[PDB]
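Structure first, commentary second.
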Amino acid sequence: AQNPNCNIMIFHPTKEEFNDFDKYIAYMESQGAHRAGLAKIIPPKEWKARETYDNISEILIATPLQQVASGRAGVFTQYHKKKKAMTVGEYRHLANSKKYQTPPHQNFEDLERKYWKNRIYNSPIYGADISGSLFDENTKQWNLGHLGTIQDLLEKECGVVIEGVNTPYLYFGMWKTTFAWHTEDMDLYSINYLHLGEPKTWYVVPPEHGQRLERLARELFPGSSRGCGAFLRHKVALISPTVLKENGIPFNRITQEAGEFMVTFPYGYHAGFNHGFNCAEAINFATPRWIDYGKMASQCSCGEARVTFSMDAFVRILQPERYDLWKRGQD
Ligand SMILES: O=C(O)CNC(=O)C(=O)O
Ligand SMILES: [Mg+2]
Ligand code: NI
Ligand SMILES: [Zn+2]
Numbered sequence: 011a012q013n014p015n016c017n018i019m020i021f022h023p024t025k026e027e028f029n030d031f032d033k034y035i036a037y038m039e040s041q042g043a044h045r046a047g048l049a050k051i052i053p054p055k056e057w058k059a060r061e062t063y064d065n066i067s068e069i070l071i072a073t074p075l076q077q078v079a080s081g082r083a084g085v086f087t088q089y090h091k092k093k094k095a096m097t098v099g100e101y102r103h104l105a106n107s108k109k110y111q112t113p114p115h116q117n118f119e120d121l122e123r124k125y126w127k128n129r130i131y132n133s134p135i136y137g138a139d140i141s142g143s144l145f146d147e148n149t150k151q152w153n154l155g156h157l158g159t160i161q162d163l164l165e166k167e168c169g170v171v172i173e174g175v176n177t178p179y180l181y182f183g184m185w186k187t188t189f190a191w192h193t194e195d196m197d198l199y200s201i202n203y204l205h206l207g208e209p210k211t212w213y214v215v216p217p218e219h220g221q222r223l224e225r226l227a228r229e230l231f232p233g234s235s236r237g238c239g240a241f242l243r244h245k246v247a248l249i250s251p252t253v254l255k256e257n258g259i260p261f262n263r264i265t266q267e268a269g270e271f272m273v274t275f276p277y278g279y280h281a282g283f284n285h286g287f288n289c290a291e292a293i294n295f296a297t298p299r300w301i302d303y304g305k306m307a308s309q310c311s312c313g314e315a316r317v318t319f320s321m322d323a324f325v326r327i328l329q330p331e332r333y334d335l336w337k338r339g340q341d
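Okay, structure coming up:
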């Protein structure tokens with residue numbers, strides 16, 4: 011069995027190996043990369059996503075989100091308070107202000123210590139989930155707006171044509187912006203490219219151990235768990251590495267830098283934080299190996315999780331018994 015300790019693997023594809031996206035995902039899996047839940051892909055030195063980032067300031071962040079925490083430093087939830095619209099140039103100036111800028115630090119480990127000690131005492135503002143792309147149309151390799159769609163994969167595997175579309179999203183971050191513990195919608199893959207700026211630290215639980223994280227979360231968030239049998243779908247709960255280690259939960263950590271891709275694998279729980287002003291692009295995707303995970307994915311039906319149009323068909327075809335209850339949650 012490849013990668014039996016479920017370590018995060020780092021890949022360096024050549025320019026020739028960078029041509030065929032599907033083939034390279036399957037290669038990484040042949041080496042056991044999915045057992046970690048997360049892999050890093052460093053593009054060949056010949057590749058670029060676009061020519062420059064000098065002309066992005068006029069992108070609008072229509073609904074910036076202030077991430078307000080409740081709880082204790084290692085075990086907390088966050089809610090998102092909507093703020094007034096601002097441009098990317100306005101948001102960058104805000105991120106660099108004395109109130110929001112990254113503090114002085116020695117290295118990534120010192121900054122990680124400061125994040126976990128202090129995060130709850132501040133409310134950073136995140137530009138998340140903005141439909142769009144920063145890849146140039148002429149970038150032919152690993153262009154996240156030109157991937158094979160999940161609807162086409164379901165049709166190729168199962169024979170059924172379905173409605174829906176699959177497009178990328180932009181994330182503009184600042185110091186202490188946080189992504190809560192989650193797996194993807196329908197336990198899909200994700201791919202994330204860090205276009206510019208400061209790093210992103212990730213934490214991940216191997217897919218084979220995801221239910222250990224779920225049991226801890228039910229213990230640590232007992233009101234939320236009574237409310238919803240899949241409350242981590244709400245994407246609000248944070249648990250620190252120290253707390254995970256105290257409770258024997260298997261996990262790994264890695265820091266992504268500008269110019270790097272990360273891939274999350276089906277049912278790989280992940281969480282993390284941004285080091286300072288940055289911009290990432292991400293999209294969900296599927297492969298043949300996903301179908302079995304999609305059929306078994308948990309679902310939130312309490313009303314909270316509320317998701318895209320395109321998840322309807324995935325539930326309806328892969329999970330027909332759950333469909334009626336899930337759709338009640340959506341309405
Ligand atoms: O970058 C973020 O805020 C969160 N990203 C993801 O969870 C992802 O790419 O799957
Ligand atoms: Mg612009
Ligand atoms: Ni994710
Ligand atoms: Zn729910």
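Numbering (the entry's author numbering), first residue to last: 11 to 341. Using N, Cα and C, we set each Cβ at its ideal position, and we do this for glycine too.
Shortest alpha-carbon distance to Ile69 belongs to which of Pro54, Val98, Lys55? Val98
Taking only heavy atoms of ligand 1 into account, decide whether any of them is closer than 7 Å to the Cβ of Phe189. yes
Is it a yes or a no for the region 40-54 touching the region 266-283, going by three-plus beta-carbon pairs under 8 Å? yes
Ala240 beta carbon near ligand 4 (any heavy atom closer than 7 Å): yes
Compute every distance between the C-beta of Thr211 and the non-hydrogen atoms of ligand 1, then say whether any falls below 7 Å. no
Who are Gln12's beta bridge partners in DSSP? Answer by DSSP bridge pairing: none, since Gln12 is not bridged.
Can you tell me where the beta strand (DSSP E) with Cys289 in it begins and where it stops? 288-295
Just to confirm the assignment: which complete beta strand (DSSP E) runs, minimum length 3, are found wholly within the region 131-172? 135-141
Which of helix, strand or coil does DSSP assign to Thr87? strand
Using the three-state DSSP reduction, which class does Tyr110 fall into: helix, strand or coil? coil
Using 8 Å as the threshold, is the region 141-160 in touch with the region 288-297, meaning 3 or more CB pairs across them? yes
Three-way DSSP call (helix, strand, coil) for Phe182 in this model: strand
Simplified DSSP assignment, three categories, for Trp212: strand
Could you check the C-alpha separation between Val325 and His244 for me, to the nearest Å? 17 Å
If we ignore side chains and look at the alpha-carbon of each, how far apart do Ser107 and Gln309 end up? 40 Å
So what does DSSP say about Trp57, is it helix, strand or coil? coil
Could you check how far apart the C-beta atoms of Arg236 and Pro260 are, in whole angstroms? I think they sit under 8 Å. Contact flag wrong, Cβ pair sits at about 26 Å.
Could you pull out every residue in the same chain whose Cβ sits closer than 7 Å to the Cβ of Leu121, ignoring the five residues on either side in sequence? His115, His285
Among residues of its own chain, excluding the 5 on either side of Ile301, which ones have a beta-carbon nearer than 6 Å to its beta-carbon? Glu167
Could you pull the DSSP bridge partners for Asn284 from this structure? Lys210
Contact check, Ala190 vs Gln88, beta carbons under 8 Å: yes
Around the C-beta of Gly304, are 16 or more other C-beta atoms found within 10 angstroms, so that it is buried, or is it exposed? buried
Contact check, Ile18 vs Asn262, beta carbons under 8 Å: yes
Reduced DSSP category for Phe21 - H, G, I as helix; E, B as strand; rest coil: strand
Name the residue from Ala240, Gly282, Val171, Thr211 whose alpha carbon lies nearest to the alpha carbon of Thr265. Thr211
Can you give the beta carbon distance from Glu119 to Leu204, rounded, assuming they're within the 8 Å contact cut? With 8 Å as the limit, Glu119 and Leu204 do not qualify as a contact, their Cβ atoms being about 19 Å apart.
If I'm right that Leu242 touches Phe86 with Cβ under 8 Å, what's the distance once you round it to whole angstroms? About 14 Å; that fails the 8 Å criterion.
Is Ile69 near ligand 2, with its Cβ less than 7 Å from a heavy atom? yes
Quick one: using the 10 Å Cβ neighbour count with 16 as the cut-off for buried, is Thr187 buried or exposed? buried
Hey, would you say the C-beta of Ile130 is under 7 Å away from at least one heavy atom of ligand 2? no
Output needed for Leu254: all residues of its chain with C-beta closer than 6 Å, excluding positions within five of it in sequence on either side, in chain order. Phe261
The alpha helix (DSSP H) enclosing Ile66, as first and last residue numbers: Careful: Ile66 lies outside any alpha helix (DSSP H) and carries neither H nor E.
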